[PDB]
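J.: Those sequence lines, one after another, are chains K, F, B, D, L and E. Reminder that position 142 of the first sequence reads as 142 in the deposited numbering, one-by-one numbering, no gaps. Reminder that position 172 of the second sequence reads as 172 in the deposited numbering, one-by-one numbering, no gaps. Reminder that position 111 of the third sequence reads as 111 in the deposited numbering, one-by-one numbering, no gaps. Reminder that position 99 of the fourth sequence reads as 99 in the deposited numbering, one-by-one numbering, no gaps. Reminder that position 63 of the fifth sequence reads as 63 in the deposited numbering, one-by-one numbering, no gaps. With the deposited numbering as the guide, the letters of the sixth sequence map in order to residues 5 to 42, 44 to 49, 49A, 50 to 112. All residues carry an ideal CB built from backbone N, CA and C; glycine is no exception. So that we are looking at the same thing, I have put the structure below in structure tokens.
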Amino acid sequence: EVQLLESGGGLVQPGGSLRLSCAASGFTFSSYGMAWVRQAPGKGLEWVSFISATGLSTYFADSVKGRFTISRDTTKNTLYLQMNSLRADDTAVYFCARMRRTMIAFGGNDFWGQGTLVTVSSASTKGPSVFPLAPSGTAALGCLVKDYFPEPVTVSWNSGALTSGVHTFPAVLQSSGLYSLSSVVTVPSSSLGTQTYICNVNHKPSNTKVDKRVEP
Amino acid sequence: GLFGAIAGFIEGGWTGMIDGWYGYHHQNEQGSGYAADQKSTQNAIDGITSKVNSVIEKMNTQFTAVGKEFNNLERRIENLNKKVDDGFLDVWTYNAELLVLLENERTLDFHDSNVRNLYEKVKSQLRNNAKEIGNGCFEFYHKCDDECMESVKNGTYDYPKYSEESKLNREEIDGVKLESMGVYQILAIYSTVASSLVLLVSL
Amino acid sequence: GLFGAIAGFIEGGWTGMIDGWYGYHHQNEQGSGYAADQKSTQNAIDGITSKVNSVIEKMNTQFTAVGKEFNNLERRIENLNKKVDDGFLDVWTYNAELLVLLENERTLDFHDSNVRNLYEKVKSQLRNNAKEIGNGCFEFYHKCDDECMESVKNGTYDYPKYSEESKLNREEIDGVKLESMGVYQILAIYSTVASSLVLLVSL
Amino acid sequence: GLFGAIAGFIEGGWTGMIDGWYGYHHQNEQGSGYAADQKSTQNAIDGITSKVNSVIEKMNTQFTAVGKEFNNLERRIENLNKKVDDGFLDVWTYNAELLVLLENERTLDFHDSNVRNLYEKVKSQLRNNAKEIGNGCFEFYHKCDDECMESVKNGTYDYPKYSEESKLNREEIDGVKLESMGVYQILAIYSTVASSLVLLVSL
Amino acid sequence: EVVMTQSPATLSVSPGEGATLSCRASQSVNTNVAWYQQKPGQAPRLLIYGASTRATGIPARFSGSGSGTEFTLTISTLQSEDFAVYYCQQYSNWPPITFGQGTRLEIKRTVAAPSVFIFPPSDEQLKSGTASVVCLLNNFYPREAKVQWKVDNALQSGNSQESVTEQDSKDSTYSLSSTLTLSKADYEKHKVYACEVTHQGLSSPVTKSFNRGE
Amino acid sequence: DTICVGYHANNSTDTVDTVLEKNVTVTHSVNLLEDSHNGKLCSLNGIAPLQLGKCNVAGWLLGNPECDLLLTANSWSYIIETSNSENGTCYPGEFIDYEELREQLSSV
Ligand SMILES: *[C@@H]1O[C@H](CO)[C@@H](O[C@@H]2O[C@H](CO)[C@@H](O[C@@H]3O[C@H](CO)[C@@H](O)[C@H](O[C@H]4O[C@H](CO)[C@@H](O)[C@H](O)[C@@H]4O)[C@@H]3O)[C@H](O)[C@H]2NC(C)=O)[C@H](O)[C@H]1NC(C)=O
Ligand SMILES: *[C@@H]1O[C@H](CO)[C@@H](O[C@@H]2O[C@H](CO)[C@@H](O[C@@H]3O[C@H](CO)[C@@H](O)[C@H](O)[C@@H]3O)[C@H](O)[C@H]2NC(C)=O)[C@H](O)[C@H]1NC(C)=O
Ligand SMILES: *[C@@H]1O[C@H](CO)[C@@H](O[C@@H]2O[C@H](CO)[C@@H](O[C@@H]3O[C@H](CO)[C@@H](O)[C@H](O)[C@@H]3O)[C@H](O)[C@H]2NC(C)=O)[C@H](O)[C@H]1NC(C)=O
Ligand SMILES: *[C@@H]1O[C@H](CO)[C@@H](O[C@@H]2O[C@H](CO)[C@@H](O[C@@H]3O[C@H](CO)[C@@H](O)[C@H](O)[C@@H]3O)[C@H](O)[C@H]2NC(C)=O)[C@H](O)[C@H]1NC(C)=O
Ligand SMILES: *[C@@H]1O[C@H](CO[C@@H]2O[C@@H](C)[C@@H](O)[C@@H](O)[C@@H]2O)[C@@H](O[C@@H]2O[C@H](CO)[C@@H](O)[C@H](O)[C@H]2NC(C)=O)[C@H](O)[C@H]1NC(C)=O
Ligand SMILES: *[C@@H]1O[C@H](CO)[C@@H](O[C@@H]2O[C@H](CO)[C@@H](O)[C@H](O)[C@H]2NC(C)=O)[C@H](O)[C@H]1NC(C)=O
């Protein structure tokens, strides 16, 4: 059965260099061309590069000329891509993919990988900060998670016994170079008196759990 | 005779090519292909046009011919007349059908010969730096742009401009370099070891 | 036109082959050959059968024709009758003999084209690991069994299964290994000698 | 079908060659060429002679034919007579012109096939030590005299007499020797340096 | 360089129905168009190539058509699993290779009004110097909503971010968050702050406001 | 980079017969046989034909009195008889050498 495994991701300082690798299994790797397509987060697709079947022809996108190379090994059945002197706008998810034919009009790509995450930015690993969103006299209450550089976090509410009206918004890059999100809970208006609500934030890169009880 | 090219080692034709019968398909650094070859298709058009005009002008037009009359005592001449007309009619329709049925394989083998000769020309002026792959394609050990595309198409390839550099890339592909691997079998060991005899004596 | 294969670069035919006109002859690890190729000979049989049936059905059958009578005062019409019959007879026998004498070279060149195309196919899907030797044979740098024999015969050779290993045996045959001979020209001498300077100083 | 040789990949004919239609042109250590090939041109002469003699002997000679007479009351038979004579005349002139116009491409493609087959023979018995250059020439990695010229021309080349020595000159031309340059990349440096560690310790 | 263009931007549809999408080009590719769908967080998968011949392992309710410069993808029925992101691709003239712009597929239901709330910053944010205000919307259809941010009834710009959830499997309505992030001085400068929501399901723009110290 | 070599293809469906095969689909062709015709009878080079109508040539030359209409004609391109051209000789007899008279008539 044909699949493509790929690796080489990770947070790297800008201006650096990477060597991504895509291994293949289930077919003859020495009888098809291969290609690379990236995807910006929250955007469409973007084709990166191509290598032919015998490797005599190499092609790159026009915006990335002179900074990227590509090679292949037959005995290892492996495709290698070398990135050099990166920029901040090249944070994306990368895909190695196989052409379906060997003509010029190849007719699409039938098999794919599953995506490696590569983040190109200049910051340090930071633990987040938790702040309450207290009800004034209203029927909603939340927690704000701010200022953590590596993804992701995990926000639970009284150890997961609260699954109704609990919206967890996706994170967002702020202009200083950190991540922020919030989690909100809809309660009855007369439930502010007795019921206890504690949000628990777990940050796996910096390895920090913060327990926070929200109250007016 | 089927020369082997059309529906042979070459697969079927191309829909996207428009302005000719014989063309190329290039994939250089900045485009795709589908451009015609106006030399050979011109000779093909002229040959087929002369062929059809000759086949038209050999057949003569017939003038007025009216059926005749006979009484009841001239049946013999009337039967002779009917035998004459039917005999000439059978001869003319036989000649027409046989002429078309030979002319069709003549023109189909003519097109097949045109395909094979246009392929042999492109192969013969790319005698090393090509790497043919199957069904009439080539893969260019050196780098080529649109200028050398039209240099192929006009038949003026000036091959010894590229001959050493192509050779370099060809020695990358199979080579003896994988047998070499970078150093010697183990002789550099003996010369580390010939430096080790130094250490052991000069302790 | 004689395409060059029958009684050309290929020697005469094979007595032992039975069930076809176009076959192969393999010599693998466990047998000899003489097996037919039922694809191309089927198209040959169908083409020749359509050819002969067309040549039959173009000629029309003739109906009743009886010689007529004349007295001594109608000699003119009788001479006209004899001229008509002899003229049509000469035209029909000329058309028949000319039709056969063109059709014979047509079918012989058809068989010659079939031989040459079946040879070019086998050569083209064995583009490196073959080592042709003469009169239509190949000699297989890698190892082959009956499975890859039928893989050749159905035209599905899947060449990059064998491409490196064949290359190994090809580098055995001529190589640069005979130029290499095992060690360097004499540098291992200098490194024995660079160990000899050690001995002479550290005496 | 134009087989590709005459006015194709081979340029136009040779004025200086006299006694044949198919010849060679050698440039050995002591002369120039222009010698014929009396085998293939003999079969060409015999085939064309049999062709022309067959075309002569198929057409029959006609015997005495005199125009006839009629009075003013037999106009019908006279018009029938004129229709008969003109019909046969048109059929015979059509057959003659069509026979010549097919026979001409038959013999021209016959000559083209002869050129291409005589070229393929010379290439096929010089399978490595030749170095073809363009428009039907070869350039001989080994040395050849008049004896091996006639050995080529009679088709008895006995190739494995020369096969290793030709190989030597071929390894001179491109080789891997220019990549080698005479010594190793820099290992002889390390072995001068492995002799330098001796000097530095045994000071 | 053949530039592609998908249309429309987003299609809304009820289940048990069909869908149609158009992909247009800057020049005339012949037939060399392929399509792909993509689940969120997944690799794209092949649907149709050459605009006529469906790929191996594809159900027959998909279809495609078109030639010249315009091409059309058509889905016959749904079973609430095909709602993904769609991509058209040419392969006639390359390199480079150009894709579409991505087209998602939404479930259509009744236009609903948001439940809107607001959250002032906690004072430990002012201990840190942060001023974070949350304007919150829950359970609204359709996707479009309008949030105007007012500081003593005056519009700001460039100080508010936002986050939108995905399409919930029960009600198919959305949830929006807007965040004001500022320093201490502007929060302690003015007093009455508000977010005003103009939504299609709402009859009027609803204003949620608060004072300094509340 | 490469340069694949190929040839034209089209969507035409017309078939050509050949010796070794029936119904070969061709890209371009040309017909060499006429089938269309009007149902009309026009003039040769601008000179009208002579329609006898219900009259025979014998009754026309003798002046059959029921062939009274075409009494003033003198020129034509060709002569049209019909399937009802039965008014020849009213009085019975034998017009001797009718056929030779028709053959002499066909060049005037
Ligand atoms: C120009 O051509 C027309 C068309 O043929 C021709 O008119 C026809 O004439 C014949 C000859 O008379 C007619 O035939 C007979 O007509 C009578 C009626 O008058 C019938 O009774 C006839 O039946 C029989 O009985 C007769 C009495 O014994 C016999 O004399 C006769 O031979 C029959 O045995 C028979 O039908 C015919 O009817 C007409 N038809 C029409 C429709 O005009 C006309 O005579 C020609 N012109 C000239 C000048 O001859
Ligand atoms: C067949 O193709 C060859 C391809 O090499 C043609 O040669 C090239 O022809 C073009 C014609 O535009 C020349 O391009 C321009 O020439 C002008 C004049 O020097 C110059 O100002 C431009 O900068 C550009 O170079 C080109 O020089 C010429 N040569 C090469 C090496 O590309 C050839 O003309 C074609 N026809 C025939 C009959 O050979
Ligand atoms: C043309 O020749 C090829 C030769 O490779 C044929 O492929 C092979 O066909 C045979 C048919 O018997 C297969 O052999 C048997 O297959 C069964 C089912 O898997 C298995 O139980 C046996 O152990 C044996 O393998 C064989 O697998 C198959 N493939 C190979 C690589 O040998 C092909 O079918 C022929 N025809 C065509 C139209 O291509
Ligand atoms: C085709 O060409 C070959 C070329 O090798 C011919 O073979 C050579 O024929 C000549 C004929 O004169 C021989 O030359 C002389 O032979 C005599 C008798 O041995 C000897 O006294 C001379 O010193 C000289 O060698 C020659 O030996 C012979 N062989 C070679 C290797 O050159 C061949 O005869 C030609 N014809 C055919 C039908 O093959
Ligand atoms: C060759 O074709 C003619 C015409 O047939 C049509 O065109 C062909 C290319 C193909 O598409 C056919 O299916 C079409 O019907 C054939 O003549 C007809 O043959 C059918 C049976 O095949 C018969 O019922 C009809 O009466 C024939 N004539 C027509 C005009 O209807 C002919 O048989 C074909 N010959 C072969 C060997 O294929
Ligand atoms: C084959 O394709 C051609 C396209 O090149 C079709 O020709 C078109 O026919 C329509 C119908 O009259 C015209 O409106 C177009 O202008 C034609 N195109 C061109 C470029 O002239 C042709 O119809 C197709 N064949 C069949 C049988 O449909």
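1) Please classify L/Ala60: does DSSP put it in a helix, a strand, or coil?
2) If you scan the stretch 107-143 of chain B from start to end, which runs of the beta strand (DSSP E) of 3 or more residues do you find wholly inside it?
3) Of the residues that make up the stretch 89-100 of chain L, which ones have a beta carbon closer than 7 Å to any beta carbon in chain F?
4) At a threshold of 7 Å, does E/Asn15 count as lining ligand 6 (C-beta to nearest heavy atom)?
5) Please list, in chain order, all residues of the same chain as E/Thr22 whose beta carbon is under 7 Å from its beta carbon, the five residues on each side excluded.
6) Starting from B/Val152, trace the alpha helix (DSSP H) both ways and give me its first and last residue.
7) Among residues of its own chain, excluding the 5 on either side of L/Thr5, which ones have a beta-carbon nearer than 6 Å to its beta-carbon?
8) Look up L/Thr72 in the DSSP assignment and give the residues it is bridged to.
9) Among the residues of its own chain, which have a CB less than 7 Å from the CB of K/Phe27, if the five just before and after it don't count?
10) Which partner residues does K/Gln3 have in the DSSP bridge list?
11) Would you list the residues sitting across from K/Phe169 in a DSSP beta bridge?
12) Answer yes or no: do D/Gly1 and D/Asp174 have a C-beta to C-beta separation smaller than 8 Å?
13) With a Cβ-Cβ cutoff of 8 Å, do L/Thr130 and L/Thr74 count as a contact?
14) Around the Cβ of F/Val183, are there at least 16 other Cβ atoms within 10 angstroms (buried) or fewer (exposed)?
15) Should the stretch 1-17 of chain K be regarded as contacting the stretch 81-90 of chain K, the criterion being three or more beta carbon pairs within less than 8 Å?
16) Considering only the alpha carbon of each residue, which of K/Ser189, K/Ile104, K/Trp36, K/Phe50 lies closest to K/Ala92?
17) Please report the distance separating the alpha-carbon of D/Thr64 from that of E/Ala77.
18) Looking at B/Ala5 and B/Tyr190, is the spacing between their C-beta atoms short of 8 Å?
19) Closest by CA to F/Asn43, which one among F/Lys177, F/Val201, F/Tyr22?
20) Mapping DSSP to helix, strand and coil, what is E/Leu24?
21) Helix, strand or coil for K/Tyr197 per DSSP?
22) Apart from the five residues just before and just after F/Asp112, which ones in its own chain have a Cβ nearer than 6 Å to its Cβ?
23) Any contact between the stretch 129-143 of chain L and the stretch 111-119 of chain L? By contact I mean 3 or more CB pairs, one from each, below 8 Å.
24) Taking C-alpha atoms, which residue in E/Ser48, E/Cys71, E/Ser110, E/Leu65 lies nearest to E/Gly57?
25) Is the CB-CB distance between D/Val152 and D/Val122 below 8 Å?
26) Compute the minimum distance between the beta carbon of E/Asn60 and the heavy atoms of ligand 5, and state whether it is under 7 Å.
27) Return yes when at least one heavy atom of ligand 8 lies under 7 Å from the C-beta of F/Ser151, else no.
28) So, using beta-carbon positions, are E/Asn14 and E/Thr31 closer together than 8 Å?
29) Anything in the stretch 50-66 of chain E with a Cβ closer than 9 Å to a Cβ of chain D? List those residues in chain order, please.
30) Any Cβ of chain E within less than 8 Å of the Cβ of F/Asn28?
31) In this structure, does DSSP put L/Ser183 in helix, strand or coil?
32) Which residue marks the beginning of the beta strand (DSSP E) containing D/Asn53, and which one marks its end?
33) Just the C-alpha distance for D/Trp92 and B/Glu103, rounded to the nearest angstrom, thanks.
34) Within 8 Å, do at least three Cβ pairs link the stretch 158-166 of chain D to the stretch 159-170 of chain B?
35) Could you give the DSSP three-state label for D/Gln27: helix, strand or coil?
36) So the beta strand (DSSP E) E/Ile83 belongs to, where does it begin and stop?
T.: In this structure, then:
1) On the fifth sequence, residue 60 of chain L is found 60 positions in, with the first residue counted as 1. Here L/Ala60 sits in coil by DSSP.
2) The stretch 107-143 of chain B contains no whole beta strand (DSSP E) run of 3 or more residues.
3) Answer in chain order: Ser92, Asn93, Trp94.
4) Mapped onto the sixth sequence, residue 15 of chain E falls at position 11. E/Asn15 Cβ: within cutoff of ligand 6.
5) Within the sixth sequence, residue 22 of chain E is the residue found at index 18, counting from 1. Within the same chain, E/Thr22 has close Cβ partners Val28.
6) Along the third sequence, read from residue 1 onward, the residue named residue 152 of chain B stands at position 152. Segment 146-153, the alpha helix (DSSP H) holding B/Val152.
7) Residue numbering aside, residue 5 of chain L sits at position 5 when the fifth sequence is read from its first letter. The residues are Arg24.
8) As a first step, residue 72 of chain L is located in the fifth sequence; it is residue number 72 there, counting from the start. Beta-bridge pairing links L/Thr72 to L/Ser22, L/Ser65.
9) Working through the first sequence from its first residue, we reach residue 27 of chain K at position 27. Only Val2 meet the Cβ criterion.
10) By one-based count along the first sequence, residue 3 of chain K stands at place 3. K/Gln3 pairs with K/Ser25.
11) On the first sequence, residue 169 of chain K is found 169 positions in, with the first residue counted as 1. Looking at the DSSP output, K/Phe169 bridges to nothing.
12) Here the question's residue 1 of chain D lines up with position 1 in the fourth sequence. Here the question's residue 174 of chain D lines up with position 174 in the fourth sequence. Their beta carbons are not under 8 Å apart, which means D/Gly1 does not touch D/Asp174 by this criterion.
13) Counting from one through the fifth sequence, the residue named residue 130 of chain L turns up at place 130. Counting from one through the fifth sequence, the residue named residue 74 of chain L turns up at place 74. Not a contact, by the Cβ cut-off of 8 Å.
14) As a working note, residue 183 of chain F is residue 183 in the second sequence. Burial call: exposed.
15) Of all C-beta pairs linking the stretch 1-17 of chain K to the stretch 81-90 of chain K, three or more are shorter than 8 Å, placing the two stretches in contact.
16) Mapped onto the first sequence, residue 92 of chain K falls at position 92. Nearest C-alpha to K/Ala92: K/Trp36.
17) For this step, residue 64 of chain D is matched to residue 64 along the fourth sequence. For this step, residue 77 of chain E is matched to residue 73 along the sixth sequence. Rounded to the nearest angstrom, the two C-alpha atoms are 49 Å apart.
18) The residue given as residue 190 of chain B occupies position 190 in the third sequence. The residue given as residue 5 of chain B occupies position 5 in the third sequence. Cβ distance not < 8 Å, so B/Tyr190 and B/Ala5 don't count as in contact.
19) Walking along the second sequence from the start, residue 43 of chain F turns up at place 43. Considering only alpha carbons, the answer is F/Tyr22.
20) The residue you call residue 24 of chain E lines up with position 20 of the sixth sequence. Collapsing the DSSP output to three states places E/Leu24 in coil.
21) To locate residue 197 of chain K, count along the first sequence from 1; it is residue 197. K/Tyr197 carries a coil assignment under DSSP once its states are collapsed to helix, strand and coil.
22) Numbered from its first residue, the second sequence carries residue 112 of chain F at position 112. Hits under 6 Å: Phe3, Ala5, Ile6.
23) Flag = yes, the stretch 129-143 of chain L and the stretch 111-119 of chain L touch.
24) Taking the first residue of the sixth sequence as position 1, residue 57 of chain E is located at position 53. Answer by Cα proximity: E/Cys71.
25) Your numbering for residue 152 of chain D matches position 152 in the fourth sequence. Your numbering for residue 122 of chain D matches position 122 in the fourth sequence. Cβ distance < 8 Å, so D/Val152 and D/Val122 count as in contact.
26) Taking the sixth sequence and counting its residues from 1, the one referred to as residue 60 of chain E is at position 56. At a threshold of 7 Å, E/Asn60 does not count as near ligand 5, since its beta carbon sits no closer than that to any of the ligand's heavy atoms.
27) Ligand 8 is absent from the structure shown, which contains only ligand 1, ligand 2, ligand 3, ligand 4, ligand 5 and ligand 6.
28) Translated into the one-based positions of the sixth sequence, residue 14 of chain E becomes position 10. Translated into the one-based positions of the sixth sequence, residue 31 of chain E becomes position 27. Contact flag set, yes.
29) Per Cβ criterion, the list is empty.
30) For the purposes of this step, residue 28 of chain F is identified with residue 28 of the second sequence, where counting begins at 1. When Cβ-Cβ separations below 8 Å define contact, F/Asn28 makes contact with chain E.
31) Reading the fifth sequence from its first residue, position 183 is the one you call residue 183 of chain L. L/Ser183 falls in the coil class under three-state DSSP.
32) Translated into the one-based positions of the fourth sequence, residue 53 of chain D becomes position 53. Counting along the chain, D/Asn53 falls outside any beta strand (DSSP E), though it belongs to the alpha helix (DSSP H) covering 40-58.
33) Position 92 of the fourth sequence, counted from the start, is the residue given in the question as residue 92 of chain D. Position 103 of the third sequence, counted from the start, is the residue given in the question as residue 103 of chain B. The straight-line gap from Cα to Cα measures roughly 21 Å.
34) Three or more Cβ pairs closer than 8 Å define a contact, and the stretch 159-170 of chain B falls short of that threshold against the stretch 158-166 of chain D.
35) Stepping through the fourth sequence from its first residue, residue 27 of chain D is reached at position 27. Coil, per DSSP.
36) Looking up residue 83 of chain E in the sixth sequence gives position 79. Segment 83-85, the beta strand (DSSP E) holding E/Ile83.
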